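**Q** Compute the structure for the input listed below.
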Amino acid sequence: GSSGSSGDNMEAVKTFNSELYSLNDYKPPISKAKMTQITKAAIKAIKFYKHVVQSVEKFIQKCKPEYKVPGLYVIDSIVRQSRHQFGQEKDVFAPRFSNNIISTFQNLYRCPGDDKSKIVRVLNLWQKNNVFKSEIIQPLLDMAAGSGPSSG
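**A** Numbering: from 1, shown residues only. Sure, the structure comes next:
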């Protein structure tokens with residue numbers, strides 16, 4: 001006979017909670033299609049994004065030094081969409097991530113360094129697309145260099 005459900009409390013989230021960490025399944029770089037599979041879940045759980053954002057910041061600390069680049073992308077791919085779909089003034093991940101954005105990047109800048117480029121490249125795009133204020137990215141651009149570029 002028939003069979004089906006109507007979802008459960010905070011269904012949108014749980015869904016994203018899988019795509020976010022799912023990254024583990026794939027090794028950097030992450031399948032262009034994958035990065036999207038996550039955004040679709042986040043932008044969908046916008047109503048409860050409160051959980052998403054957090055997970056996006058945690059998974060970064062839990063992941064491996066190699067998965068420090070991916071995370072950053074996940075945040076961008078999301079903020080970019082929400083900022084558009086719903087709008088900049090409506091966006092929730094942009095203004096929400098900017099809160100502890102630093103602490104979030106710190107866990108990403110931990111990479112051996114040969115992956116920082118993938119992290120610093122995002123900042124350049126954000127400031128351009130107007131995703132984040134220069135007063136927020138300005139510092140994020142340095143965090144990568146770490147008290148200046150390694151000169152030896």
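**Q** helices or strands next to the strand or helix carrying residue 54 in the packing?
**A** Assessed by DSSP states H and E, residue 54 sits inside helix 49-62. Packing partners of helix 49-62 (3 or more C-beta pairs under 8 Å, 6 or more residues apart in numbering; DSSP states H and E): helix 11-22, helix 32-44, helix 68-85, helix 93-106. C-beta here means a position set from N, CA and C on the backbone, and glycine is covered the same way.
**Q** one more time with 6 Å
**A** Applying 3 or more C-beta pairs under 6 Å, 6 or more residues apart in numbering; DSSP states H and E, one finds that helix 49-62 contacts helix 11-22, helix 68-85, helix 93-106.
**Q** Please tabulate those in a markdown table, including the columns mean neighbour count and distance to residue 35.
**A** As requested, those are exported to a markdown table (neighbours: other C-beta atoms under 10 Å; distance: least, C-beta to C-beta, whole Å):
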| stretch | mean neighbour count | distance to residue 35 |
| --- | --- | --- |
| helix 11-22 | 18 | 10 |
| helix 68-85 | 22 | 5 |
| helix 93-106 | 18 | 15 |
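**Q** out of these, nearest to residue 41?
**A** helix 11-22 (3.6 Å; C-beta to C-beta).
**Q** center of this structure - which residue?
**A** residue 75 (1.9 Å; C-alpha atoms, centre = their mean).
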